[PDB]
Structure formats: C-alpha cells, structure tokens
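Structure file start-v9.pdb; described as PDB, C-alpha atoms.
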```pdb
ATOM      1  CA  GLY A   1      10.963  21.502 -18.650  1.00  0.00           C
ATOM      2  CA  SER A   2      13.498  21.561 -21.464  1.00  0.00           C
ATOM      3  CA  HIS A   3      15.277  24.632 -20.098  1.00  0.00           C
ATOM      4  CA  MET A   4      17.105  23.140 -17.147  1.00  0.00           C
ATOM      5  CA  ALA A   5      20.052  24.836 -15.486  1.00  0.00           C
ATOM      6  CA  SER A   6      19.417  23.632 -11.965  1.00  0.00           C
ATOM      7  CA  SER A   7      18.709  19.936 -11.447  1.00  0.00           C
ATOM      8  CA  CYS A   8      15.249  19.613  -9.921  1.00  0.00           C
ATOM      9  CA  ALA A   9      14.181  16.523  -8.014  1.00  0.00           C
ATOM     10  CA  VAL A  10      10.453  16.121  -7.494  1.00  0.00           C
ATOM     11  CA  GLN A  11       9.489  13.958  -4.555  1.00  0.00           C
ATOM     12  CA  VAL A  12       6.224  12.124  -4.228  1.00  0.00           C
ATOM     13  CA  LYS A  13       5.104  10.697  -0.892  1.00  0.00           C
ATOM     14  CA  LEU A  14       3.234   7.405  -0.726  1.00  0.00           C
ATOM     15  CA  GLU A  15       1.807   6.114   2.501  1.00  0.00           C
ATOM     16  CA  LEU A  16       1.528   2.493   3.603  1.00  0.00           C
ATOM     17  CA  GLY A  17      -1.073   1.781   6.189  1.00  0.00           C
ATOM     18  CA  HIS A  18      -3.120  -0.860   7.897  1.00  0.00           C
ATOM     19  CA  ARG A  19      -5.392  -1.335  10.873  1.00  0.00           C
ATOM     20  CA  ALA A  20      -6.165  -4.543  12.719  1.00  0.00           C
ATOM     21  CA  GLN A  21      -8.902  -5.564  15.105  1.00  0.00           C
ATOM     22  CA  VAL A  22     -10.037  -8.969  16.279  1.00  0.00           C
ATOM     23  CA  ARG A  23     -13.535 -10.329  16.457  1.00  0.00           C
ATOM     24  CA  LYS A  24     -13.981 -12.665  19.415  1.00  0.00           C
ATOM     25  CA  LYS A  25     -16.219 -14.703  17.136  1.00  0.00           C
ATOM     26  CA  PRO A  26     -14.395 -15.847  13.949  1.00  0.00           C
ATOM     27  CA  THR A  27     -16.133 -16.177  10.596  1.00  0.00           C
ATOM     28  CA  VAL A  28     -17.429 -19.440   9.107  1.00  0.00           C
ATOM     29  CA  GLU A  29     -13.928 -20.469   7.986  1.00  0.00           C
ATOM     30  CA  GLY A  30     -12.460 -19.447  11.333  1.00  0.00           C
ATOM     31  CA  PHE A  31     -10.872 -16.134  10.436  1.00  0.00           C
ATOM     32  CA  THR A  32     -10.340 -14.173  13.647  1.00  0.00           C
ATOM     33  CA  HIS A  33      -8.339 -11.101  12.654  1.00  0.00           C
ATOM     34  CA  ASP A  34      -9.778  -8.403  10.405  1.00  0.00           C
ATOM     35  CA  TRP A  35      -7.509  -5.806   8.880  1.00  0.00           C
ATOM     36  CA  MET A  36      -7.434  -3.004   6.324  1.00  0.00           C
ATOM     37  CA  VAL A  37      -4.476  -1.667   4.326  1.00  0.00           C
ATOM     38  CA  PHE A  38      -3.670   1.797   2.967  1.00  0.00           C
ATOM     39  CA  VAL A  39      -1.773   3.150  -0.025  1.00  0.00           C
ATOM     40  CA  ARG A  40      -2.119   6.873  -0.782  1.00  0.00           C
ATOM     41  CA  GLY A  41      -0.373  10.214  -0.535  1.00  0.00           C
ATOM     42  CA  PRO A  42      -0.085  12.560   2.496  1.00  0.00           C
ATOM     43  CA  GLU A  43      -3.053  14.640   3.578  1.00  0.00           C
ATOM     44  CA  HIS A  44      -3.604  17.369   0.940  1.00  0.00           C
ATOM     45  CA  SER A  45      -1.274  15.629  -1.501  1.00  0.00           C
ATOM     46  CA  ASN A  46      -3.289  13.523  -3.915  1.00  0.00           C
ATOM     47  CA  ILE A  47      -1.488  10.624  -5.533  1.00  0.00           C
ATOM     48  CA  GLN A  48      -4.278  10.098  -8.053  1.00  0.00           C
ATOM     49  CA  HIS A  49      -2.501  12.884  -9.973  1.00  0.00           C
ATOM     50  CA  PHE A  50       0.733  10.933 -10.518  1.00  0.00           C
ATOM     51  CA  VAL A  51      -0.618   7.508  -9.589  1.00  0.00           C
ATOM     52  CA  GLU A  52      -2.845   5.458 -11.878  1.00  0.00           C
ATOM     53  CA  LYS A  53      -3.844   2.205 -10.216  1.00  0.00           C
ATOM     54  CA  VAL A  54      -2.835   0.088  -7.238  1.00  0.00           C
ATOM     55  CA  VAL A  55      -2.491  -3.584  -6.335  1.00  0.00           C
ATOM     56  CA  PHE A  56      -2.225  -5.644  -3.162  1.00  0.00           C
ATOM     57  CA  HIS A  57      -0.736  -9.127  -3.036  1.00  0.00           C
ATOM     58  CA  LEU A  58      -2.222 -10.663   0.099  1.00  0.00           C
ATOM     59  CA  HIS A  59      -1.423 -14.260   1.044  1.00  0.00           C
ATOM     60  CA  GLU A  60      -2.619 -17.062  -1.202  1.00  0.00           C
ATOM     61  CA  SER A  61      -4.567 -18.378   1.782  1.00  0.00           C
ATOM     62  CA  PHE A  62      -6.767 -15.347   1.080  1.00  0.00           C
ATOM     63  CA  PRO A  63      -9.349 -15.620  -1.751  1.00  0.00           C
ATOM     64  CA  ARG A  64      -8.133 -13.486  -4.665  1.00  0.00           C
ATOM     65  CA  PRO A  65      -5.076 -12.127  -2.810  1.00  0.00           C
ATOM     66  CA  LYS A  66      -4.445  -9.556  -5.511  1.00  0.00           C
ATOM     67  CA  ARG A  67      -6.746  -6.615  -4.937  1.00  0.00           C
ATOM     68  CA  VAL A  68      -6.555  -3.815  -7.458  1.00  0.00           C
ATOM     69  CA  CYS A  69      -7.568  -0.226  -6.772  1.00  0.00           C
ATOM     70  CA  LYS A  70      -8.191   2.063  -9.749  1.00  0.00           C
ATOM     71  CA  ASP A  71     -10.231   4.428  -7.618  1.00  0.00           C
ATOM     72  CA  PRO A  72      -9.604   7.063  -4.854  1.00  0.00           C
ATOM     73  CA  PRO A  73      -8.187   5.874  -1.401  1.00  0.00           C
ATOM     74  CA  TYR A  74      -6.467   2.638  -2.286  1.00  0.00           C
ATOM     75  CA  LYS A  75      -7.051  -0.055   0.299  1.00  0.00           C
ATOM     76  CA  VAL A  76      -7.888  -3.657   1.105  1.00  0.00           C
ATOM     77  CA  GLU A  77     -10.201  -5.040   3.778  1.00  0.00           C
ATOM     78  CA  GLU A  78      -9.849  -8.684   4.659  1.00  0.00           C
ATOM     79  CA  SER A  79      -9.934 -11.204   7.472  1.00  0.00           C
ATOM     80  CA  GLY A  80      -7.582 -13.985   8.523  1.00  0.00           C
ATOM     81  CA  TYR A  81      -5.663 -15.243  11.553  1.00  0.00           C
ATOM     82  CA  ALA A  82      -2.016 -14.303  10.984  1.00  0.00           C
ATOM     83  CA  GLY A  83       0.279 -11.513   9.885  1.00  0.00           C
ATOM     84  CA  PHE A  84       2.778 -11.388   7.023  1.00  0.00           C
ATOM     85  CA  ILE A  85       4.745  -9.112   4.701  1.00  0.00           C
ATOM     86  CA  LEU A  86       2.308  -7.785   2.136  1.00  0.00           C
ATOM     87  CA  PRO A  87       3.932  -6.712  -1.149  1.00  0.00           C
ATOM     88  CA  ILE A  88       1.928  -3.663  -2.148  1.00  0.00           C
ATOM     89  CA  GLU A  89       2.195  -1.971  -5.521  1.00  0.00           C
ATOM     90  CA  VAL A  90       1.346   1.546  -6.547  1.00  0.00           C
ATOM     91  CA  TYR A  91       1.126   2.162 -10.277  1.00  0.00           C
ATOM     92  CA  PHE A  92       2.491   5.452 -11.504  1.00  0.00           C
ATOM     93  CA  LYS A  93       1.518   7.482 -14.598  1.00  0.00           C
ATOM     94  CA  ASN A  94       4.678   7.719 -16.682  1.00  0.00           C
ATOM     95  CA  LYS A  95       6.224   6.620 -19.982  1.00  0.00           C
ATOM     96  CA  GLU A  96       9.592   7.137 -18.355  1.00  0.00           C
ATOM     97  CA  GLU A  97      11.186   5.609 -15.193  1.00  0.00           C
ATOM     98  CA  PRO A  98       9.450   2.656 -13.379  1.00  0.00           C
ATOM     99  CA  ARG A  99       5.655   2.806 -13.662  1.00  0.00           C
ATOM    100  CA  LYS A 100       5.305   0.943 -10.405  1.00  0.00           C
ATOM    101  CA  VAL A 101       6.628   0.979  -6.880  1.00  0.00           C
ATOM    102  CA  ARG A 102       6.502  -2.019  -4.550  1.00  0.00           C
ATOM    103  CA  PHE A 103       6.182  -1.436  -0.835  1.00  0.00           C
ATOM    104  CA  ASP A 104       6.711  -4.517   1.329  1.00  0.00           C
ATOM    105  CA  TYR A 105       4.516  -3.468   4.225  1.00  0.00           C
ATOM    106  CA  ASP A 106       4.563  -5.595   7.372  1.00  0.00           C
ATOM    107  CA  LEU A 107       1.015  -6.652   8.181  1.00  0.00           C
ATOM    108  CA  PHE A 108       1.086  -7.105  11.951  1.00  0.00           C
ATOM    109  CA  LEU A 109      -2.009  -8.040  13.932  1.00  0.00           C
ATOM    110  CA  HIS A 110      -2.460  -7.811  17.716  1.00  0.00           C
ATOM    111  CA  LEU A 111      -3.339 -10.570  20.207  1.00  0.00           C
ATOM    112  CA  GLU A 112      -6.953 -11.632  20.703  1.00  0.00           C
ATOM    113  CA  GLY A 113      -8.730  -9.717  23.430  1.00  0.00           C
ATOM    114  CA  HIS A 114      -6.934  -6.395  23.125  1.00  0.00           C
ATOM    115  CA  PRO A 115      -6.035  -5.436  19.546  1.00  0.00           C
ATOM    116  CA  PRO A 116      -5.216  -1.771  18.902  1.00  0.00           C
ATOM    117  CA  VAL A 117      -3.692  -1.691  15.427  1.00  0.00           C
ATOM    118  CA  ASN A 118      -3.524   1.519  13.431  1.00  0.00           C
ATOM    119  CA  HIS A 119      -0.280   2.047  11.521  1.00  0.00           C
ATOM    120  CA  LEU A 120       0.638   4.462   8.745  1.00  0.00           C
ATOM    121  CA  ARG A 121       4.116   5.131   7.351  1.00  0.00           C
ATOM    122  CA  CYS A 122       5.289   7.381   4.552  1.00  0.00           C
ATOM    123  CA  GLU A 123       7.629   6.520   1.686  1.00  0.00           C
ATOM    124  CA  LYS A 124       9.542   8.972  -0.485  1.00  0.00           C
ATOM    125  CA  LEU A 125      10.180   8.798  -4.219  1.00  0.00           C
ATOM    126  CA  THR A 126      12.540  11.491  -5.501  1.00  0.00           C
ATOM    127  CA  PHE A 127      12.672  11.826  -9.273  1.00  0.00           C
ATOM    128  CA  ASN A 128      15.756  13.693 -10.421  1.00  0.00           C
ATOM    129  CA  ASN A 129      15.105  15.801 -13.531  1.00  0.00           C
ATOM    130  CA  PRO A 130      11.798  14.277 -14.733  1.00  0.00           C
ATOM    131  CA  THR A 131      10.114  15.062 -18.055  1.00  0.00           C
ATOM    132  CA  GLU A 132       7.471  17.820 -18.072  1.00  0.00           C
ATOM    133  CA  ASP A 133       4.515  15.387 -18.132  1.00  0.00           C
ATOM    134  CA  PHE A 134       5.846  13.726 -15.005  1.00  0.00           C
ATOM    135  CA  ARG A 135       6.968  16.927 -13.282  1.00  0.00           C
ATOM    136  CA  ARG A 136       3.605  18.441 -14.145  1.00  0.00           C
ATOM    137  CA  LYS A 137       1.630  15.662 -12.428  1.00  0.00           C
ATOM    138  CA  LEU A 138       4.023  15.424  -9.466  1.00  0.00           C
ATOM    139  CA  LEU A 139       3.448  19.156  -8.898  1.00  0.00           C
ATOM    140  CA  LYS A 140      -0.348  18.904  -9.058  1.00  0.00           C
ATOM    141  CA  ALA A 141      -0.246  16.194  -6.393  1.00  0.00           C
TER     142      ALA A 141
ATOM    143  CA  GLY B 212       4.835  -6.775  21.752  1.00  0.00           C
ATOM    144  CA  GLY B 213       1.550  -8.643  21.574  1.00  0.00           C
ATOM    145  CA  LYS B 214       1.892  -9.517  17.909  1.00  0.00           C
ATOM    146  CA  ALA B 215      -0.406 -12.239  16.611  1.00  0.00           C
ATOM    147  CA  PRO B 216       0.899 -15.398  14.822  1.00  0.00           C
ATOM    148  CA  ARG B 217       2.444 -15.217  11.355  1.00  0.00           C
ATOM    149  CA  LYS B 218       2.219 -17.553   8.372  1.00  0.00           C
ATOM    150  CA  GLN B 219       5.643 -18.748   7.299  1.00  0.00           C
ATOM    151  CA  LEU B 220       4.425 -21.204   4.687  1.00  0.00           C
ATOM    152  CA  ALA B 221       5.864 -18.876   2.067  1.00  0.00           C
ATOM    153  CA  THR B 222       9.475 -17.864   1.557  1.00  0.00           C
ATOM    154  CA  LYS B 223      10.961 -14.371   1.596  1.00  0.00           C
ATOM    155  CA  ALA B 224      13.990 -15.697  -0.263  1.00  0.00           C
TER     156      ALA B 224
END
```
Please rewrite the model in this file as structure tokens.
Amino acid sequence: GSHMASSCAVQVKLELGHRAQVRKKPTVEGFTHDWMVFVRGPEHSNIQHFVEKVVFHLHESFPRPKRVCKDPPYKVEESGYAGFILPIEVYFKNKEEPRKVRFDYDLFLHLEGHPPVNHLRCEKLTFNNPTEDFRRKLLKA
Amino acid sequence: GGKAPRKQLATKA
C-alpha cells in the first residue's frame, strides 16, 4: 500500500520439476528417454495469481524446443536420449520489476533399465516493498 | 550416480 512504515517483502515460491523414465523401445527417431518438466507454486499456493504465462527452452535437437504454457500446471513432456540444462521461464504479472524469471533447471535422466527420476525443487522470489497490484496478487497466491 | 548421457553440442558460456 501507500502507507508504509514497515518494509514488507512478499515472497513467491516457484517450483522446478521433472521426471524421467526410459522406454526399452525407442521411438521412430530413436528417442529413448521420456521426461516431463514442472514450473508452478507450492501446494496450496497458486502461481496463476501472480504468474501469467510460462516458457520452456528445450534443446534445439527437440522439435519446437520452446514450449509455452498459458494454462494451469505449467509443464513440458518430451522424449530424447540425453540430459541438459533447461532454461525455464516463468512470466510474472507486473508493470514493475522483472516480468520474468529464468530457472536453469538441470534435466537429468537415469540409465536405461532402471530409471527412477522424480525431482522437484523450490525457488524463492522476495519482492521488497512491491506496489499494491503486485502485493495484492502475491497475497492471493 | 547412474545419470544418462548429456548433449554438449551447445555452450553454457
């Protein structure tokens, strides 16, 4: 608000995730490893309140590596045969400070035969003294 | 750590 005496920092929590599992029988183009990525907020905290859209920059070896998510649970499901750093972007709803955050999530896949991959990690964005519109959405989250 | 191969055709620099 515009009546600030104590500096308030509102923190939003975004979560990077991905699973990986191998099919013993690759696809036509020989892609063996199937995975799925996650960008969202913690359980009960909805990012769709302060978050607008989302984008994934997979590797160029992947058809249309940039996957955009303008909907609920933001994710990507693809198949390949290697891991890599995947620069993920979450778009924020603001006219103020950066309207995007880029999370370089490490896409690791497990060896053929026994792949258990289910990883989720949580990032923190603290906004010191944000405008009401921003504060307001961050609170609704 | 049974981590599968990784494509290093790109550059992180």
Contact residues around residue A:29 with all atoms listed in the file at 12 Å, ignoring same-chain residues under 5 positions, as a CSV table (one decimal) with C-alpha atoms, in the coordinates of the input:
```csv
chain,number,residue,atom,x,y,z
A,61,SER,CA,-4.6,-18.4,1.8
A,62,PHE,CA,-6.8,-15.3,1.1
A,63,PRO,CA,-9.3,-15.6,-1.8
A,79,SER,CA,-9.9,-11.2,7.5
A,80,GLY,CA,-7.6,-14.0,8.5
A,81,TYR,CA,-5.7,-15.2,11.6
```
Apply the ChimeraX specification (/A :<7) & /B to the displayed file and report the matching residues as a PDB file with C-alpha atoms, in the frame of the given file.
```
ATOM      1  CA  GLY B 213       1.550  -8.643  21.574  1.00  0.00           C
ATOM      2  CA  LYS B 214       1.892  -9.517  17.909  1.00  0.00           C
ATOM      3  CA  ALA B 215      -0.406 -12.239  16.611  1.00  0.00           C
ATOM      4  CA  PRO B 216       0.899 -15.398  14.822  1.00  0.00           C
ATOM      5  CA  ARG B 217       2.444 -15.217  11.355  1.00  0.00           C
ATOM      6  CA  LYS B 218       2.219 -17.553   8.372  1.00  0.00           C
TER       7      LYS B 218
END
```
Using the chain letters and numbers from the file, which residues does the PyMOL selection byres ((chain A and resi 101) around 8) grab, as a ChimeraX atom specification? /A:89-92,98-100,102-103
Contacts of residue A:58 at 7 Å (all atoms listed in the file; same-chain gap of 5+ positions) as a PDB file with C-alpha atoms, in the coordinates of the input:
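For reference, out_36.pdb as written:
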```pdb
ATOM      1  CA  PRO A  65      -5.076 -12.127  -2.810  1.00  0.00           C
ATOM      2  CA  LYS A  66      -4.445  -9.556  -5.511  1.00  0.00           C
ATOM      3  CA  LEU A  86       2.308  -7.785   2.136  1.00  0.00           C
TER       4      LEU A  86
END
```
Could you give me, as a compact mmCIF listing (two decimals) with C-alpha atoms, in the frame of the given file, the residues within 8 Å of residue A:73, counting only C-alpha atoms and dropping anything in the same chain fewer than 2 positions from it?
```txt
# COMPACT_ATOMS: atom_id res chain seq x y z
CA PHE A 38 -3.67 1.80 2.97
CA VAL A 39 -1.77 3.15 -0.02
CA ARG A 40 -2.12 6.87 -0.78
CA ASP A 71 -10.23 4.43 -7.62
CA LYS A 75 -7.05 -0.06 0.30
```
Using the chain letters and residue numbers of this document, give as a PDB file with C-alpha atoms, keeping the file's coordinate frame the residues selected by the PyMOL selection byres ((chain A and resi 120) around 7).
```
ATOM      1  CA  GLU A  15       1.807   6.114   2.501  1.00  0.00           C
ATOM      2  CA  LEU A  16       1.528   2.493   3.603  1.00  0.00           C
ATOM      3  CA  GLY A  17      -1.073   1.781   6.189  1.00  0.00           C
ATOM      4  CA  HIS A  18      -3.120  -0.860   7.897  1.00  0.00           C
ATOM      5  CA  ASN A 118      -3.524   1.519  13.431  1.00  0.00           C
ATOM      6  CA  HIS A 119      -0.280   2.047  11.521  1.00  0.00           C
ATOM      7  CA  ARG A 121       4.116   5.131   7.351  1.00  0.00           C
ATOM      8  CA  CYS A 122       5.289   7.381   4.552  1.00  0.00           C
TER       9      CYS A 122
END
```
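Distance check against residue A:49 using only C-alpha atoms: of A:96, A:77, A:133, A:106, the minimum falls on A:133.
The space separating atom CA of residue A:135 from atom CA of residue A:11 comes to 9.6 Å.
Between atom CA of residue A:137 and atom CA of residue A:123 there is a distance of 17.9 Å.
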Any idea what the distance is between atom CA of residue A:128 and atom CA of residue A:105? 25.2 Å
For residue B:223, the closest of A:113, A:2, A:104, A:125 counting all atoms listed in the file is A:104
For residue A:27, the nearest of the candidates A:1, A:43, A:52, A:78, counting only C-alpha atoms: A:78
Neighbours of residue A:44 within 10 Å (all atoms listed in the file; same-chain residues fewer than 3 positions away dropped), as a list in words? residues 41, 47 and 141 of chain A
